[PDB]
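Residue numbers (UniProt numbering), protein chains in the order written: chain R, 198 to 247; chain V, 51 to 99; chain X, 297 to 345; chain L, 27 to 99. The beta-carbon is built from N, C-alpha and C at its ideal position, and this holds for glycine as well. What follows is a set of notes on a single structure, which appears directly below.
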Amino acid sequence: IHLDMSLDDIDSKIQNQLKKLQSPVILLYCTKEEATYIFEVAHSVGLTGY
Amino acid sequence: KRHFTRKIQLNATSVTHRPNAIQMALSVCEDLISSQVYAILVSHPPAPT
Amino acid sequence: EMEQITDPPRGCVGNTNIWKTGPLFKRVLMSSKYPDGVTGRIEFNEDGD
Amino acid sequence: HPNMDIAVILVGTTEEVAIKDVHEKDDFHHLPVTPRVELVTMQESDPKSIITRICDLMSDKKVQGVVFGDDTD
């Protein structure tokens, strides 16, 4: 997944794009701060869980 | 003139190209950012290297 | 027409932080609808081209 | 005489102090060309500040190498 926050829909597009995923092991790559935002979003998505 | 001037206003700032590589960017941190530009335009110089 | 926008950082000095306002300016600017122009029709692709 | 000109910088809260001096003492070591070092630190590091300082240092030091270090994240 390649995504960036653009205008007012990055969250929509990112959320729609991230929601599909089901995989157990995730490699993440981004700036540290972006990691903060992506993780908040993952916590909402439920991707951080066990 | 054409756009609403009561609500918002437009002011213009611009710089002559500098031969030294450093001035174009340095022209930005103080020259192009001290003034708080909302956007920048850029064009090829008369002499091109 | 958009709202709640913070001014850009004043001066390079002392600011290690990005500016929340600005990406949005790009978004509206890419979606501008003033097709009439001397140069020709204006619309912007995803890359901003 | 025959020594290379070098510069190193430290930034942020952390202080090198005596450790840098020890390195210089440690640094003479064994060699034919000797390092000549000028040290400067800056409490604050900026794109304009950092860019400015190293070149300014170029004017007096005229160093052929630079090492940069920071407390920053």
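How many angstroms separate the CA atom of residue i from the CA atom of residue j?
i	j	result
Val66 of chain L	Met74 of chain V	27 Å
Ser77 of chain V	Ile35 of chain L	25 Å
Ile338 of chain X	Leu325 of chain X	11 Å
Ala33 of chain L	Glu64 of chain L	5 Å
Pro73 of chain L	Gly310 of chain X	10 Å
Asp86 of chain L	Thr40 of chain L	26 Å
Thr245 of chain R	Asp208 of chain R	17 Å
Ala44 of chain L	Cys308 of chain X	33 Å
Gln212 of chain R	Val242 of chain R	8 Å
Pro221 of chain R	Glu230 of chain R	24 Å
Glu342 of chain X	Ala89 of chain V	19 Å
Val59 of chain L	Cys81 of chain L	24 Å
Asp205 of chain R	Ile314 of chain X	17 Å
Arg323 of chain X	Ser203 of chain R	7 Å
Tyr226 of chain R	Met84 of chain L	37 Å
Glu70 of chain L	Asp99 of chain L	13 Å
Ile76 of chain L	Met68 of chain L	9 Å
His27 of chain L	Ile83 of chain V	45 Å
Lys329 of chain X	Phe340 of chain X	10 Å
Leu200 of chain R	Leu224 of chain R	14 Å
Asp97 of chain L	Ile235 of chain R	26 Å
Could you spell out where the alpha helix (DSSP H) holding residue i opens and where it closes?
i	result
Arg337 of chain X	Counting along the chain, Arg337 of chain X falls outside any alpha helix (DSSP H), and DSSP gives it neither H nor E.
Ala33 of chain L	Here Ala33 of chain L belongs to no alpha helix (DSSP H); instead the beta strand (DSSP E) covers 29–37.
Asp96 of chain L	That residue, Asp96 of chain L, is in no alpha helix (DSSP H); its beta strand (DSSP E) goes 91–96.
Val78 of chain V	Note, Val78 of chain V: premise wrong, no alpha helix (DSSP H); not H, not E.
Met326 of chain X	319–326
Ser84 of chain V	No alpha helix (DSSP H) holds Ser84 of chain V; DSSP gives it neither H nor E.
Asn213 of chain R	207–216
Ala232 of chain R	229–242
Could you check whether the Cβ of residue i sits closer than 7 Å to any heavy atom belonging to the ligand SAM?
i	result
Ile207 of chain R	With respect to small molecules bound, the structure shown includes none, and the ligand SAM cannot be examined in it.
Can you round the beta-carbon distance between residue i and residue j to whole angstroms, since I take them to be within the 8 Å contact cut?
i	j	result
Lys88 of chain L	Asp31 of chain L	6 Å
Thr63 of chain V	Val87 of chain V	7 Å
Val37 of chain L	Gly95 of chain L	7 Å
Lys316 of chain X	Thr302 of chain X	6 Å
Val238 of chain R	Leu218 of chain R	Incorrect: roughly 12 Å between the Cβ atoms, too far for contact.
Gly318 of chain X	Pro331 of chain X	No, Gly318 of chain X and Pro331 of chain X are not in contact; Cβ-Cβ is about 25 Å, not under 8 Å.
residue 182 of chain V	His53 of chain V	Chain V is shown from 51 up to 99; residue 182 of chain V falls before or after that span and cannot be answered.
Legend entry - Start-end ranges of the beta strand (DSSP E) lying completely within the stretch 50–81 of chain L, minimum 3 residues: For the stretch 50–81 of chain L, whole beta strand (DSSP E) runs of length 3 or above, ordered along the chain, are 60–68.
Legend entry - Interface residues of the stretch 80–96 of chain V facing chain X [CB-CB below 9 Å]: So the list reads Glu80, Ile83, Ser84, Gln86, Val87, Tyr88, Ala89, given in the order they occur along the chain.
Inset, instruction - Quick one: which residues of the stretch 64–85 of chain L get their C-beta closer than 8 Å to a C-beta of chain X? List them in chain order. - result: Residues are counted here when their Cβ sits less than 8 Å from a Cβ of chain X; for the stretch 64–85 of chain L these are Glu70, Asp72, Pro73, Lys74, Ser75, given in chain order.
Legend entry - Under 7 Å (Cβ pairs) to chain R, residues found in the stretch 317–332 of chain X: Here the close residues are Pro319, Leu320, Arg323.
Inset, instruction - With 8 Å as the limit, tell me which residues of the stretch 203–218 of chain R have their beta carbon closer than that to any beta carbon of chain X; keep them in chain order. - result: So the list reads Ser203, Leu204, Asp205, given in the order they occur along the chain.
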